[PDB]
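Scroll down for the structure; my scribbles are underneath it.
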Amino acid sequence: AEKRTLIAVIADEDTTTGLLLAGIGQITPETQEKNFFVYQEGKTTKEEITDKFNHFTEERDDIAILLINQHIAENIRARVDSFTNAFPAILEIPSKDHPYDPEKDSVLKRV
Amino acid sequence: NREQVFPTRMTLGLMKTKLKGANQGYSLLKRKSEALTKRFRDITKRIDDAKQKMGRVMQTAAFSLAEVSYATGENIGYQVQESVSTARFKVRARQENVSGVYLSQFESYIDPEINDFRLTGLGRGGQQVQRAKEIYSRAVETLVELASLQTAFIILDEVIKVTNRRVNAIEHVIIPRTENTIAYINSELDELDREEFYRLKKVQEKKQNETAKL
Amino acid sequence: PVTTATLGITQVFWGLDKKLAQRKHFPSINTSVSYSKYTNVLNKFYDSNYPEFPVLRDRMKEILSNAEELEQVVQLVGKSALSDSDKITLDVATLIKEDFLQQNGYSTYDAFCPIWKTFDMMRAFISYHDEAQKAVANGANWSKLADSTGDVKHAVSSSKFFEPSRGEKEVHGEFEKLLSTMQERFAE
Amino acid sequence: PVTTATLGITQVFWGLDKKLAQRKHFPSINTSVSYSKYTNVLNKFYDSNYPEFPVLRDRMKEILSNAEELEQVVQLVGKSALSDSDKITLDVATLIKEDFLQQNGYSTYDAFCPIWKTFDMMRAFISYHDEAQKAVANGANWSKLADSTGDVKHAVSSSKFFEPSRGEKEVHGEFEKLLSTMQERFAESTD
Ligand SMILES: Nc1ncnc2c1ncn2[C@@H]1O[C@H](COP(=O)(O)OP(=O)(O)O)[C@@H](O)[C@H]1O
């Protein structure tokens, strides 16, 4: 929708820093919410990552494209599979030192 | 295995019109499914190509970010997160009408209100930071393109599934049900015609007997 | 059988449309099945009095038939994708079936629509359709054009509301001004 | 003509469907076309003996009609569009058709289902529908609820095997125990 104008980033620290340098993600002052939240495997937990992804997909209506790390998506594979709705889109970008896995991609799995 | 239609000549004509319309719709929808499936094959090929492009672009963007961090001597992630008041990059959905569908395609945009990056206060490596920012902006544009393509893929697949389901539903329910209703109505009309014929034959026999008596 | 024989031996036949009657659209005359074999012989009177009447009624018949086929396709395939020309065809046909064809017999204005008034209304509707088609062929977006020309569409709809008792001289002057400003309104 | 005249004169229509005659779904009473105009006069007997009989019967008719509409919808456009409550309606109506309505007249248990046993079975099936509806409205997923309450569903479907020869007192106690255990199981699944 036209309301969804943002690029959510839930990838690793390096990928989150790169996205922030690009300017895709930001923290809304009035809403006290960050479009791009830095999260790693050690940081927070799998349940916290899944909750953040669900909030970005549904609660964060402004989010249009979601960028999640492949390592992060591995622990959130169930959430990725459950996110069958086209909007917001999900991109299976991988983190540092981890090659992208076509099999692990949820969108490519439908093929 | 039929429709509860009252056998009548008008109802027979209505059911023939329904059968003709259902056949036309079945042919039209099968052809539309074929065209949409061709578009879908093109879409999935572009998805594979964009996935490879995403892999190479993310590799080079990670390399550039690592080089910028090494040049600066510290992780700029904290500074970038601090300077996240507003987003200079935005995506606007565009209702691109490919074939008959109206799949939404994202269109990237750049907001100059907060276009300033975190180069200031980084300590050193300003040129490296700017190069990394440009590489990340190119990666973000590629990400917007890939997300638009994936959303189009999902919408197109859903529409194709619905259209194929409706084609099968027509061909296996609506056409057979309407054909069975046509056959039953024709049989009942023939039965009424036969009953009228027998009644007229009885009347003719009575008239002939009266003529013979007279 | 009585209807079959009457159609076989008649020259004009104004057929009933069950769909139009169930919509309380009056008069409920089915355009597809109805006919009149007096068009050819009446071409003389039309050329003598209202020269553009036959071509206008043929244009409206073509519009109605094209939009009937397009509406069948719409009811079949959802009408998600339609050309600008096809959208104009359906919109113009709906406008015709709501303003021109439909009339209230008990209403004061539309109790008896004279022949000159009917000719003027055909002029208005056909000119609207032709100008919209020309604009769409130029490259204008149909949605924006309709948003801008809702006033002109309302004017050509109120052409039905135009009173016939004002006389042929005054009413035709009003229809002359109606499509005069209609041409200029499509420049934007 | 004989059927039309008979329906014009009679008051009860126990129409039979051959699609149900096949696949051994006797009695094959076509619940849609079938009617009975004696329900209004039997309301007095129901109030006298089994007060909840008319309301349970009306609930069963509503469930069957709604699930017939949903069955047309699912046969047309699949089961993905149907809501949760639609899924419960379809499942409970299939249960009713398979267990309650389908009565084998040549088995020992279902050769003669008396009025009290029929009332108890309607109470059990309608209570199962109501409990599933309430649990789903509370937010429980229907698939998980069905997986957890398959035992309760099988107990409800197996209530047709209760011998009427055991007497009204003994079987009605069995039905009361079935309803109590059903309520406990649904509460546990919801919790
Ligand atoms: N309530 C029932 N329980 C078990 N079987 C039944 C029942 N009703 C009918 N049938 C079966 O249907 C078969 C056909 O008998 P039926 O249909 O009653 O004769 P008719 O064709 O005269 O109606 C029988 O063999 C019987 O086994």
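Return the only residue of B:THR151, B:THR178, B:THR163 being surrounded by 20 or more Cβ atoms within 10 Å (Cβ to Cβ), more than 14 Å from chain A (Cβ to nearest Cβ) and in contact with a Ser or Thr (Cβ under 9 Å, 6 or more places away or on another chain).
When all the criteria are applied, what remains is B:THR163.
With A:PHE36, A:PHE53 as the choices, which residue is away from chain B (no Cβ under 14 Å) and among the aromatic types (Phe, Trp, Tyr)?
After applying the criteria, what remains is A:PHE53.
Mind listing whichever residues of region B:181-198 are surrounded by fewer than 15 Cβ atoms within 10 Å (Cβ to Cβ) and within 14 Å of chain D (Cβ to nearest Cβ)?
Restricting attention to region B:181-198, the residues satisfying the condition of being surrounded by fewer than 15 Cβ atoms within 10 Å (Cβ to Cβ) are B:183, B:186-187, B:190-198.
Scanning region B:181-198 gives B:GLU191, B:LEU192, B:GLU195.
Right, B:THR142: buried (at least 17 other Cβ atoms within 10 Å of the Cβ), within 28 Å of B:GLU74 (Cβ to Cβ) and hydroxyl-bearing (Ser, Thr, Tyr) or not?
It is true that B:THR142 is buried (at least 17 other Cβ atoms within 10 Å of the Cβ), within 28 Å of B:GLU74 (Cβ to Cβ) and hydroxyl-bearing (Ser, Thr, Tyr).
Quick one: is B:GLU74 more than 8 Å from every other protein chain (Cβ to nearest Cβ), surrounded by fewer than 21 Cβ atoms within 10 Å (Cβ to Cβ) and closer than 28 Å to B:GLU158 by Cβ?
Spelling it out, it is not the case that B:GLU74 is more than 8 Å from every other protein chain (Cβ to nearest Cβ), surrounded by fewer than 21 Cβ atoms within 10 Å (Cβ to Cβ) and closer than 28 Å to B:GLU158 by Cβ.
Tell me, please, whether a residue that is within 16 Å of the ligand (Cβ to nearest atom), part of a helix (DSSP H, G or I), touching a residue at least 40 places away in the same chain (Cβ under 8 Å) and among the hydrophobic types (A, V, I, L, M, F, W, C) can be found in region D:135-158.
Restricting attention to region D:135-158, the residues satisfying the condition of being within 16 Å of the ligand (Cβ to nearest atom) are none.
Scanning region D:135-158 turns up no residue that is within 16 Å of the ligand (Cβ to nearest atom), part of a helix (DSSP H, G or I), touching a residue at least 40 places away in the same chain (Cβ under 8 Å) and among the hydrophobic types (A, V, I, L, M, F, W, C).
With the requirement that a residue be within 18 Å of B:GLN24 (Cα to Cα) and away from chain B (no Cβ under 14 Å), what does region C:56-89 give you?
C:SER65, C:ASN66, C:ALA67
Quick check: is even one residue across region C:21-39 in contact with a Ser or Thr (Cβ under 6 Å, 6 or more places away or on another chain) and surrounded by fewer than 16 Cβ atoms within 10 Å (Cβ to Cβ)?
Yes, region C:21-39 has at least one match.
Among (1) within 14 Å of chain B (Cβ to nearest Cβ); (2) away from the ligand (no atom under 16 Å from the Cβ); (3) surrounded by 15 or more Cβ atoms within 10 Å (Cβ to Cβ); (4) hydrophobic (A, V, I, L, M, F, W, C), where does D:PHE53 come up short?
Unmet condition: (1).
When the residues of region D:104-126 are narrowed to those that are touching a residue at least 60 places away in the same chain (Cβ under 8 Å) and outside any helix (DSSP H, G or I), which ends up farthest from the ligand (Cβ to nearest atom)?
D:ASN104
Exactly one condition in (1) facing chain A (nearest Cβ under 7 Å); (2) in a loop (DSSP other than H, G, I, E, B) is false for B:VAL140; which is it?
Failed condition: (2).
Only one of (1) more than 14 Å from chain B (Cβ to nearest Cβ); (2) within 16 Å of the ligand (Cβ to nearest atom) fails for D:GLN22. Which number is that?
Unmet for D:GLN22, out of (1) more than 14 Å from chain B (Cβ to nearest Cβ); (2) within 16 Å of the ligand (Cβ to nearest atom): (1).
Can you tell me how many residues in region C:80-91 are under 24 Å from C:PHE125 (Cα atoms) and in a loop (DSSP other than H, G, I, E, B)? Spell out the reasoning first.
Let us first name the residues in region C:80-91 that are under 24 Å from C:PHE125 (Cα atoms), namely C:82-91.
Adding the requirement that they be in a loop (DSSP other than H, G, I, E, B) leaves C:82-83.
Number of matching residues: 2.
Among the numbered criteria (1) away from chain B (no Cβ under 12 Å); (2) under 12 Å from the mean Cα position of the chain (by Cα), which one does A:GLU47 miss?
(2)
Can you tell me which residue within region A:1-23, out of those that are farther than 15 Å from A:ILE72 by Cβ, surrounded by fewer than 24 Cβ atoms within 10 Å (Cβ to Cβ) and in contact (Cβ under 8 Å) with a residue 24 or more places away in the chain, is nearest to the other protein chains (Cβ to nearest Cβ)?
Among residues in region A:1-23 that are farther than 15 Å from A:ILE72 by Cβ, surrounded by fewer than 24 Cβ atoms within 10 Å (Cβ to Cβ) and in contact (Cβ under 8 Å) with a residue 24 or more places away in the chain, the one nearest to the other protein chains (Cβ to nearest Cβ) is A:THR5.
Given the options D:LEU101, D:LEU82, name the one that is within 30 Å of D:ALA140 (Cα to Cα) and either within 16 Å of the ligand (Cβ to nearest atom) or surrounded by fewer than 11 Cβ atoms within 10 Å (Cβ to Cβ) (or both).
Exactly one of D:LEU101, D:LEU82 is within 30 Å of D:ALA140 (Cα to Cα) and either within 16 Å of the ligand (Cβ to nearest atom) or surrounded by fewer than 11 Cβ atoms within 10 Å (Cβ to Cβ) (or both), namely D:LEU101.
Hey, could you check region B:77-111 for residues that are β-branched (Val, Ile, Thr) and more than 7 Å from chain A (Cβ to nearest Cβ) and say which is nearest to the chain's Cα centre (by Cα)?
B:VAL101
Please find, within region B:166-175, the residue that is surrounded by the most Cβ atoms within 10 Å (Cβ to Cβ) out of those that are more than 8 Å from every other protein chain (Cβ to nearest Cβ) and without any contact (Cβ under 8 Å) to a residue 12 or more places away in the chain.
B:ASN168
Quick one: D:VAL74 ticks every box in (1) more than 24 Å from B:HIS172 (Cβ to Cβ); (2) away from the ligand (no atom under 16 Å from the Cβ) except a single one, so which number is it?
Tallying (1) more than 24 Å from B:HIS172 (Cβ to Cβ); (2) away from the ligand (no atom under 16 Å from the Cβ), D:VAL74 fails exactly one: (1).
So C:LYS144 fits all but one of (1) surrounded by 12 or more Cβ atoms within 10 Å (Cβ to Cβ); (2) out of contact with any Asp or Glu (no Cβ under 6 Å at 6 or more places or on another chain); what number is the exception?
(1)
With the requirement that a residue be touching a residue at least 60 places away in the same chain (Cβ under 8 Å) and among the polar types (S, T, N, Q), what does region C:9-48 give you?
C:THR31
Can you tell me which residue is nearest to B:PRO176 (Cα to Cα) among those in region B:47-59 that are out of contact with any strand residue (DSSP E or B) (no Cβ under 8 Å at 6 or more places or on another chain) and surrounded by 16 or more Cβ atoms within 10 Å (Cβ to Cβ)?
Once the filter is applied, the top-ranked residue is B:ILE47.
So which of B:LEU14, B:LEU28 ends up being assigned to a helix (DSSP H, G or I) and within 11 Å of B:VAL167 (Cα to Cα)? Don't jump to the end; show me each part of the working.
Numbers: B:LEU14 fails: within 11 Å of B:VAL167 (Cα to Cα).
Sole residue among the options that is assigned to a helix (DSSP H, G or I) and within 11 Å of B:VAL167 (Cα to Cα): B:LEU28.
Laboratory data are not the source of any read-out in this text; all were calculated from the coordinates shown. Note that we place each Cβ from the backbone using ideal geometry, even for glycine, and neighbour counts take in every protein chain shown.
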